[PDB]
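**Q** Mapping of the first sequence onto the entry's author numbering: residues 2 to 125, 147 to 499, 512 to 622, 630 to 889, in sequence order. Beta carbons: idealized from backbone N, C-alpha and C, even for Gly. Can you read through this structure? Questions will come right after.
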Amino acid sequence: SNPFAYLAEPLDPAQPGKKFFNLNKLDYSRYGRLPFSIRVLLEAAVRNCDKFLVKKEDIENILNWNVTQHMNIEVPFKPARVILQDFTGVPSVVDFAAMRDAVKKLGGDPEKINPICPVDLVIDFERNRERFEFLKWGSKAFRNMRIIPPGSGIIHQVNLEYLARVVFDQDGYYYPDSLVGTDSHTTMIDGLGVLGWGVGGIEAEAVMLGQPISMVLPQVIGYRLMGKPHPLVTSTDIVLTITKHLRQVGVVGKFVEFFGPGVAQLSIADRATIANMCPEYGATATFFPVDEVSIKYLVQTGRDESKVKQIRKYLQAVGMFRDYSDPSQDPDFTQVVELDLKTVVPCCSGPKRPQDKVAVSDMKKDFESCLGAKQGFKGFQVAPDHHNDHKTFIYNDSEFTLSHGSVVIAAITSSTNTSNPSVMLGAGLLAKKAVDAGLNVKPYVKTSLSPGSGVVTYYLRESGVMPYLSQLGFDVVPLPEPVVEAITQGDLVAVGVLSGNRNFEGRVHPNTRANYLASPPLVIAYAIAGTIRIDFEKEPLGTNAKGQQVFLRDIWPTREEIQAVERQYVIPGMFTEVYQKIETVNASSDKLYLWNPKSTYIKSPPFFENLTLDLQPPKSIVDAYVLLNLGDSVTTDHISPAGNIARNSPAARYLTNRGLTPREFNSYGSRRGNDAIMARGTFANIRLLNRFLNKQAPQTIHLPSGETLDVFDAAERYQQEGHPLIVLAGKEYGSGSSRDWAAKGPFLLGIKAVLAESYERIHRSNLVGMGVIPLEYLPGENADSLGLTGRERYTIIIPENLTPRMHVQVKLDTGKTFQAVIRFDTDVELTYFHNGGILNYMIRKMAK
RNA sequence: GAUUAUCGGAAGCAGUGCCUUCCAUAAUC
């Protein structure tokens, strides 16, 4: 079967059917030292080794990471599953449908056509009910394709964790969960042992057609984490520390793997945050190997104990269960950067500028100094004798002593950083501790809570903290006269204590001449203390309403406590609710899709019209026309654009043909299901620079005519007349964001070959995928260098026993001949070429 | 003008949010 079969063994001898490839018996001297991520890549490559899509030397390369990491070599990564967000999967599902159709047309069980891996269509208005119904049809019709519908009261990330597997138990195997997504938050799951990241519809679709993600074997930076943090330090402090640090270290385009005792101190939430912020510091992924915390957490989500213990069982079996408290398991990372948690210092910001940072234990000092100095960001010249002023006042029939640098406003609000919930919970437990200690927040202080929407809801509801928060006046959501007076009259510098990184300048009160940003717990604490002028280490927070003294340390809750509660109640409640919702949402046959011609969004593609089940030998492109003559860096959006449709476009006209108004046009993206619209929108980008026109215009010159018209129509009459079409380009052709149709389009137009000096990786692969020929000039040649005008008829001589990366001959109607590099880089791509599309190849492969 | 939108683009980091600002593109009023 597969050359590494000798490595597969029952995970449990009783169940000889359920097997696993034991990498320990592959070369423990090297394997035992690999990073766990590389271990995942390895496992997947090994397990999927088939002498074609994944060859032996690939396994050898991955395995020989410690050396191959430095040779910048491309290995295959074959993920366990795939995530398609919202309607990004439409093109895919459509493709597979059309495939089933073709296979039926050629006589063969269509129910063979299926995504190689599990596929999840996740969703967050009557416009798209059609598409939804379509995707649902997909979920019904396809094997291992689940759909999560809208109306699920549950939050995307939470959903992704819900769809987490960690260890696949399936097809009689045990393997590590790994994925790729047309999704924003994908990488977050790497906070939980699952390895994966974001890609484009085309890559995802390849992974769905079992084509492995070709990828340069990444270096791995080891982030070692040790030491205990100072109690006032919070998840946000830590996460931010790590993120900035990593931003400094320059891990761009490599893997970041975490290790060291300290990792134990990072909750899955923390790890997930840290992991999802990775595209900041550019890391391709940030791996947090599966451990005891991960397992416990997995139990806490309400997973099946048995399958959890199973997961652990296989992880230890295959050697991918982590013991951070055991340096003698540590991989030999490319580089090691460290972090001592007693380095992170709790810092507030102010008193006039967010960027003006200040330690928690230098508050009294820094403030008194700011009183010292004169008008400025870190000063408010108050006569050095007024420095101890203090005016009294009356609030609802009671007297208080408002003094310099007292706190008038105390506002806790969300922080965009996804480590908010834990910190909020922290504030909560602090409040609670303070209520227990019998402390209060003096009535006059303008106190407020605004945690925002999302997961924090669970962190607040399920810990039962809201009461304690509200008791200190911190309920969920113009200050007192006596305060205004006492302030202005007393000539006091008033302090506003805030929590939240959003719009600081836009919520500085006028009566307050000083404003500080802090962590919510710290907010509550300062609001309790009354005045920021205080060192919590010497001066107590307050005297009980029963005598004894209480300091901040006494009520401040430890990360251990916070995590404890989070784990015991929050996670359970949350996921209970998630299961309930999932359940009550699903309640809201035909194995071939019936297309509605009255449709505008979903149509069957041409692709496999006349698709024979016999091979189609190398077809020599004889005397073809240069459709487009483009410059350097023609982008994906240039090739197949996004955004709304203009009224002067072939798209808008084909739409106009069908009683459609510019209002009910929608965007090119929402028409990704229509080869018509998409093919008509190809190269229809206003900013398109065609050298045939020396101006920015989505048009070309139909040589036999001299008429300059829209590319779709030009190519239309071209292909009607039956003219082979090629495209000329320059450097980094195809660069840019993901555009599903950047190949399908040019394919449908009639482009048989593109010719450039320099291609973009993904794009070339995609072209080869659709079966378009990618041609590359020789080193030091190009359009002008060879004097090509684009006005010639082109003959591309294609040999019979064509081999990869080979030089092939281009000759002109003008007798002008020259060599070009045919960019089929492997026998796989030569195959895809000879079949004329990975789709075709898969169809033929399944119809047998 | 406002508003809304995009398989849009660029930038920004109290600090990475599918946030904010700007640009393009369109539709609604």
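#1: Determine the DSSP secondary structure at residue 711, reduced to helix, strand or coil.
#2: Taking only the alpha-carbon atoms, compute the straight-line gap between residue 282 and residue 427 and give it to the nearest angstrom.
#3: Over what stretch of residues does the alpha helix (DSSP H) that includes residue 618 continue unbroken?
#4: Quick one: grab the DSSP three-state call for residue 383.
#5: Tell me the rounded alpha-carbon separation between residue 686 and residue 542.
#6: Along the beta strand (DSSP E) that carries residue 435, what are the first and last residues, could you check?
#7: Alpha carbon to alpha carbon, what distance is there between residue 326 and residue 864?
#8: Compute the Euclidean distance between the alpha carbons of residue 258 and residue 285, then round it to the nearest angstrom.
#9: Please report the residue range of the beta strand (DSSP E) in which residue 20 lies.
#10: Tell me the DSSP bridge mates of residue 743?
#11: Hey, out of 36, 328 and 166, whose CA is closest to residue 308's CA?
#12: What does a CB cutoff of less than 6 Å around residue 532 pick up in its chain, not counting 5 residues either side in sequence?
#13: Using a Cβ-Cβ cutoff of less than 6 Å, which residues in the same chain neighbour residue 293 once the five nearest sequence positions on both sides are dropped?
#14: Taking Cβ to Cβ, would you say residue 403 is nearer than 7 Å to residue 413?
#15: When the Cα of residue 260 is compared with those of 291, 122 and 204, which residue comes out closest?
#16: So the alpha helix (DSSP H) residue 555 belongs to, where does it begin and stop?
#17: For the region 175-262, which segments carrying the beta strand (DSSP E) assignment without a break, of at least 3 residues, lie completely within its bounds, in sequence order?
#18: Please list, in chain order, all residues of the same chain as residue 545 whose beta carbon is under 7 Å from its beta carbon, the five residues on each side excluded.
#19: Could you tell me how far apart the beta carbons of residue 237 and residue 78 are, in whole angstroms, since I believe they sit closer than 8 Å?
#20: Starting from the C-beta of residue 83, find all residues in its chain whose C-beta is less than 8 Å away, skip the five residues before and the five after it, and write them out in chain order.
#21: Pairing CB atoms from the region 233-251 with CB atoms from the region 315-334, are three or more of them under 8 Å?
#22: To the nearest angstrom, how far is the alpha carbon of residue 647 from that of residue 487?
#23: From residue 372 to residue 400, what does the alpha carbon distance come to, in whole angstroms?
#24: I need the DSSP call for residue 114, collapsed to helix, strand or coil.
#25: May I ask you to list the residues that DSSP assigns as paired with residue 10?
#26: Please name the residue, chosen from 839, 39 and 869, that lies closest to residue 658 on a Cα-to-Cα basis.
#27: For residue 739, which residues of its own chain have a beta-carbon under 7 Å away from its beta-carbon, when the five flanking residues on both sides are left out?
#28: Could you check how far apart the C-beta atoms of residue 819 and residue 834 are, in whole angstroms? I think they sit under 8 Å.
#29: In chain order, what residues of the same chain have a beta carbon less than 7 Å from the beta carbon of residue 791, not counting five sequence neighbours either side?
#30: Using the C-alpha atoms, what's the distance from residue 375 back to residue 89?
#31: Within the region 820-845, note down every full beta strand (DSSP E) run reaching 3 residues or more, in order along the chain.
#32: If we ignore side chains and look at the alpha-carbon of each, how far apart do residue 629 and residue 175 end up?
#33: Identify, in the order they occur along the chain, each residue of the same chain with its Cβ nearer than 7 Å to the Cβ of residue 591, setting aside the five sequence neighbours on each side.
#34: Quick check on DSSP: helix, strand or coil for residue 549?
#35: Can you check which of these residues, 572, 481 and 473, is closest to residue 536 by C-alpha distance?
#36: Is residue 420 helix, strand or coil when you go by DSSP?
**A** Once the coordinates are examined:
#1: Reduced to three states, the DSSP call for residue 711 is helix.
#2: Each residue's CA atom was taken as its position, placing residue 282 and residue 427 some 43 Å apart.
#3: It spans 605-620 - the alpha helix (DSSP H) in which residue 618 sits, taken as one unbroken run.
#4: In this structure, residue 383 counts as helix in the three-state DSSP scheme.
#5: Residue 686 and residue 542 have their C-alpha atoms some 44 Å from each other.
#6: Segment 429-435, the beta strand (DSSP E) holding residue 435.
#7: Taking the straight line from one Cα to the other gives about 49 Å.
#8: Spanning the alpha carbons of residue 258 and residue 285 requires a straight line of approximately 15 Å.
#9: Here the beta strand (DSSP E) through residue 20 covers 20-22.
#10: In DSSP, residue 743 forms a bridge with 748.
#11: Ranked by Cα distance from residue 308, the first of 36, 328 and 166 is 36.
#12: Non-local beta-carbon contacts of residue 532 in its own chain, meaning distances under 6 Å to residues more than five positions away in sequence, involve 433 and 551 in chain order.
#13: Excluding positions up to five away in sequence, the list reads 213 and 310.
#14: Cβ distance not < 7 Å, so residue 403 and residue 413 don't count as in contact.
#15: Comparing Cα positions, the closest option is 291.
#16: Element bounds for residue 555: 554-563.
#17: The qualifying runs are 189-192, 195-198, 200-204, 217-220, 235-238 and 242-248.
#18: Within the same chain, residue 545 has close Cβ partners 430, 513, 518, 521 and 528.
#19: Contact holds; Cβ gap of about 5 Å.
#20: Spatial neighbours of residue 83 in its own chain (CB-CB distance under 8 Å, excluding positions within 5 residues in sequence) are listed in chain order as 116, 118, 119, 120, 121, 201, 202, 203, 226, 229 and 230.
#21: Contact between the region 233-251 and the region 315-334 is absent, because fewer than three Cβ pairs lie under 8 Å.
#22: C-alpha of residue 647 to C-alpha of residue 487: approximately 60 Å in a straight line.
#23: Taking the straight line joining both Cα atoms gives about 8 Å.
#24: Here DSSP, grouped into helix, strand and coil, assigns residue 114 to coil.
#25: Beta-bridge pairing links residue 10 to 21.
#26: Cα-wise, what sits closest to residue 658 is 839.
#27: Once the five neighbours on either side are set aside, the close Cβ partners of residue 739 are 724, 725, 726, 727, 729, 751 and 752.
#28: With a Cβ gap of about 21 Å, residue 819 and residue 834 do not count as contacting.
#29: The answer, listed in chain order, is 756, 759, 760 and 766.
#30: Going from the Cα of residue 89 to the Cα of residue 375 covers about 43 Å.
#31: DSSP runs (the beta strand (DSSP E)) wholly in the region 820-845: 835-838.
#32: Between 622 and 630 the numbering of the chain has a gap, and residue 629 falls inside it, with no coordinates.
#33: 448, 451, 452 and 455, listed in sequence order.
#34: Looking at residue 549 - three-state DSSP - the assignment turns out to be strand.
#35: The shortest Cα separation from residue 536 among 572, 481 and 473 belongs to 473.
#36: Of the three classes helix, strand and coil, the one that applies to residue 420 here is coil, per DSSP.
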